[PDB]
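Structure first, commentary second.
Labels below follow one simple rule: chain letters A, B, ... track the order of the sequence lines, proteins then strands, and each chain is numbered from 1.
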Amino acid sequence: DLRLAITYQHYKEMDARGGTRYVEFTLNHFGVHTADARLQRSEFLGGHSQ
Amino acid sequence: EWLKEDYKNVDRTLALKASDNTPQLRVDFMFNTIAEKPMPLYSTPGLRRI
Amino acid sequence: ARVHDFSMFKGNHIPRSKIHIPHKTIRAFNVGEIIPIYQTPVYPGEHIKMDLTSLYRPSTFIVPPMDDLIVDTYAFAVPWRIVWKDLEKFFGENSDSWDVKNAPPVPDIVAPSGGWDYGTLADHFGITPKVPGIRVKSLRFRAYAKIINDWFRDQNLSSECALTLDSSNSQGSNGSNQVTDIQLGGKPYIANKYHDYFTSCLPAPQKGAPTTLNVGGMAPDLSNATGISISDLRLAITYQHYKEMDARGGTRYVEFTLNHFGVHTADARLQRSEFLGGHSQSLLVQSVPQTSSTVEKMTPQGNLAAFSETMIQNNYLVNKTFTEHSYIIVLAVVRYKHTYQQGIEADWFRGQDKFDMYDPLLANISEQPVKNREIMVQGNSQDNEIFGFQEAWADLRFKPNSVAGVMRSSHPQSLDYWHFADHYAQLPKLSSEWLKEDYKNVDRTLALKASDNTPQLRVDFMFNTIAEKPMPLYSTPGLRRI
Amino acid sequence: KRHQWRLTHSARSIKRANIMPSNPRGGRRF
Amino acid sequence: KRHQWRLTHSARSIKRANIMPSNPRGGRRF
Amino acid sequence: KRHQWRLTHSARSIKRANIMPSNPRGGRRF
């Protein structure tokens with residue numbers, strides 16, 4: 001029961017750092033880049049800052 | 001008391017005096033430090049040893 | 001682009017010369033005593049170069065002993081400033097403006113009634129014993145205690161020697177108290193015995209109170225009572241790691257910095273006395289056969305006695321330059337390695353179940369208690385009580401030195417005059433008194449005992465220093481400037 | 001190989017050494 | 001070295017950059 | 001290195017020397 005509790009705390013802390021959007025979940029938990037269009041998100045084209 | 005610097009000699013040359021409670025100087029300071037510190041790169045909860 | 005900003009005159013020109021200073025002193029003392037054998041004042045900018053030759057003559061031995069005596073010699077630099085707070089005020093550094101008005105003189109220590117005794121610290125500093133009514137500057141007695149506190153004290157089992165930094169005078173003492181009387185010039189400080197299995201034990205598994213997880217006692221079947229978070233658990237584990245790190249490495253601030261941050265901090269930055277040099281060597285033992293005939297109720301022809309004569313050379317004992325007013329103190333102590341005849345090794349008690357036996361999985365558990373039965377076994381309830389704490393499974397890394405048979409001290413006809421092994425009248429406790437070296441174990445091997453007031457050691461010390469000092473070659477009256 | 005001096009008293013030999021400041025178990029002590 | 005434009009207003013300079021999607025602390029926000 | 005003669009009595013050694021007339025502090029005396 002102690003090992004379960006420690007993993008639950010690791011899980012919720014990982015969710016707090018990285019964000020819980022499904023595109024964010026996949027990168028933090030499995031280390032995977034998932035395409036925005038696969039997930040039905042608007043696509044970022046380009047940008048500049050000055 | 002005499003050996004201390006005196007802001008009143010500069011003050012008669014200024015259009016707005018400090019005797020009128022206008023500060024003589026307005027300064028912008030930008031610090032850039034490189035610190036090599038005895039800390040982990042990111043501090044992420046959970047311990048290596050028990 | 002350039003204007004006139006005041007600068008240094010570069011001052012006067014300071015003379016400089018090299019001086020050979022020979023020195024010879026003859027001493028007698030016992031085993032375990034830390035004895036000042038040298039002292040000198042050092043003015044700023046001197047470079048000191050010191051060689052020492054020593055000749056040790058212990059008391060003659062009944063037989064050649066199956067044990068060794070070891071000499072350690074130590075050199076230190078103590079700034080007057082860390083011993084006395086008014087040093088800067090003394091040379092004229094003023095809290096107020098302009099010159100200092102009333103600067104206190106260097107403090108005095110006054111002799112005890114009837115003077116100091118023989119064998120005291122004042123005796124070996126070169127203060128003449130048994131001369132009442134004399135007073136002397138106290139900064140070197142303070143300097144001695146400072147070196148004990150910085151180096152020789154065991155911070156776990158004892159408090160530090162009393163050290164006064166003020167300008168008030170002090171009252172000398174003949175007492176043997178190892179805390180209060182050291183700066184008062186009394187009996188010398190007794191070195192602690194070398195690190196081994198038993199001398200390395202600690203009072204507790206950590207330095208602090210043992211870390212526990214919280215338990216609430218509230219009752220209204222009990223409602224509420226909450227629990228413990230994973231966050232409170234992480235804090236507790238780090239507190240235990242912290243106190244265990246403090247126990248292993250020592251909590252002096254020079255020690256704290258190395259264990260916690262992995263950093264070497266200089267002794268002079270931290271206001272500690274500076275270690276200059278040191279050497280360690282065992283003593284020679286020459287055995288003498290008996291060439292006289294066997295006489296009834298005497299030793300037989302062919303019996304072996306011994307004497308001990310050893311010449312030790314210390315070159316470069318001190319090599320350095322000094323940037324401030326300071327004292328050089330050189331120390332000597334004789335110690336031996338210890339052997340234990342009254343305990344039983346911890347492995348004879350293992351085997352209640354399989355978790356008593358070593359396993360790689362139990363490699364990283366908490367410090368485990370060393371039982372009293374290991375140091376002295378009495379066959380009573382105290383055997384399973386705790387003497388001290390050691391790292392887990394350390395008895396598998398150590399096998400304490402031992403004695404068996406007629407060699408051991410408790411035998412009615414005992415051969416223990418062949419060795420130095422410990423003998424205990426009662427169960428020893430882990431404490432300051434037990435951790436000190438003991439001259440009585442060596443004393444039963446000697447033809448003339450120190451209990452009979454024969455010193456165990458007679459030593460001749462010859463010092464040769466090359467001093468490059470800020471003095472003229474010869475000091476001849478008359479001045480260059482008016 | 002066999003004959004030796006009047007200098008043998010024990011099985012264990014001790015080697016001379018320069019002393020250095022060290023940090024043994026429980027803090028510095030000499 | 002000394003004289004400079006009518007363009008100095010602060011000690012800190014900011015460099016132009018291409019924007020990329022990133023994952024800072026707490027999720028994506030621009 | 002260790003063993004030495006029946007000739008060791010003190011830490012200090014004294015070197016043999018030719019005597020010359022000298023002028024130490026306070027005049028000549030031998």
Side-chain angles (χ1 to χ4, degrees), chain A, chain B residues 27-50, chain C residues 211-216 223-245 259-263 360-366, chain E residues 5 7-30:
Chain A
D1 288 341
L2 178 63
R3 279 196 285 263
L4 283 173
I6 294 165
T7 55
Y8 294 152
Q9 185 63 49
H10 289 163
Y11 194 96
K12 297 172 183 175
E13 289 172 347
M14 181 176 284
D15 285 345
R17 283 173 291 174
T20 323
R21 290 185 178 90
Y22 186 69
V23 62
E24 296 167 349
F25 179 88
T26 293
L27 179 65
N28 298 135
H29 289 269
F30 296 88
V32 175
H33 294 288
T34 303
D36 291 338
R38 177 181 288 273
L39 297 178
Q40 285 184 324
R41 301 180 71 245
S42 59
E43 295 175 353
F44 173 77
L45 301 182
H48 179 67
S49 182
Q50 183 169 349
Chain B
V27 192
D28 189 57
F29 297 98
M30 181 64 189
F31 291 90
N32 287 122
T33 67
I34 304 301
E36 185 175 0
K37 290 185 176 182
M39 299 193 288
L41 177 58
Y42 296 95
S43 183
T44 179
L47 303 171
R48 305 294 193 278
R49 302 290 178 80
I50 204 66
Chain C
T211 304
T212 61
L213 301 178
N214 191 345
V215 171
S223 179
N224 293 337
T226 63
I228 180 169
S229 65
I230 301 300
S231 294
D232 288 341
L233 178 63
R234 279 196 285 263
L235 283 173
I237 294 165
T238 55
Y239 294 152
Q240 185 63 49
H241 289 163
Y242 194 96
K243 297 172 183 175
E244 289 172 347
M245 181 176 284
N259 298 135
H260 289 269
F261 296 88
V263 175
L361 291 170
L362 315 164
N364 292 103
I365 63 176
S366 301
Chain E
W5 292 98
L7 284 185
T8 291
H9 63 114
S10 178
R12 177 187 52 196
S13 64
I14 292 173
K15 187 177 180 180
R16 76 176 70 188
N18 283 333
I19 296 171
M20 297 296 178
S22 63
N23 288 283
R25 178 179 171 83
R28 291 182 178 175
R29 73 185 190 199
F30 273 155

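Residues satisfying the side-chain contact (heavy atoms from CB on, under 4.5 Å) test with C/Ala236, not counting sequence neighbours, are C/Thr211, C/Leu213. Shown here are the side-chain contact (heavy atoms from CB on, under 4.5 Å) partners of A/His48, two or more places apart in sequence or in another chain: A/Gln50, E/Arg16, E/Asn18. For B/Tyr42, there are no side-chain contact (heavy atoms from CB on, under 4.5 Å) partners two or more places apart in sequence or in a different chain. Under the salt bridge (charged side-chain N to carboxylate O under 4.0 Å, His left out) criterion, E/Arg28 pairs with A/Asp36, sequence neighbours left out. Every residue two or more places apart in sequence or in another chain that forms a side-chain contact (heavy atoms from CB on, under 4.5 Å) with C/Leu361 is listed here: C/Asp359.
Around atom CZ of A/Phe44, more than 12 heavy atoms belonging to other residues, nucleotides or ligands sit under 6.0 Å away.
Pairs of residues two or more places apart, or lying in two chains, that qualify as side chain to side chain donor-acceptor pair (under 3.5 Å) and include a residue from residues 21-35 of chain A are A/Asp15-A/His29, A/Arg21-A/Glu24.
Heavy atoms only, all atoms of each residue included: C/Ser366 and C/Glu244 are closest at OG-OE2, 4.2 Å. Taking each heavy atom of C/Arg234 and B/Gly46 in turn, the nearest pair found is CD-N, 3.9 Å. Considering every non-hydrogen atom in both E/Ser10 and B/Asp28, the closest pair reads OG-OD2, 2.6 Å. When all heavy atoms of B/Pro38 and C/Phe261 are compared, the closest pair comes out as CG-CD2, 4.1 Å.
Atom NE2 of residue E/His9 and atom CZ of residue E/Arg12 lie 9.0 Å apart, to the nearest 0.5 angstrom. The line from CD1 of B/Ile50 to NE2 of C/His241 is 6.5 Å long, rounded to the nearest 0.5 Å. Rounding to the nearest 0.5 Å places CG of B/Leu47 at 6.0 Å from CD1 of C/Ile237. Here C/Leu235 contributes atom CG and C/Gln240 contributes atom CD; the two are 13.5 Å apart, rounded to the nearest 0.5 Å. Note that CD1 of C/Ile228 and OG1 of C/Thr226 are 9.5 Å apart. Values are rounded to the nearest 0.5 Å.
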Which is it for C/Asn364 and B/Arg49 under the side-chain contact (heavy atoms from CB on, under 4.5 Å) test, yes or no, and what are the steps along the way?
CA-CA 10 Å; C/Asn364 292 103; B/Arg49 302 290 178 80; 5.9 Å; no
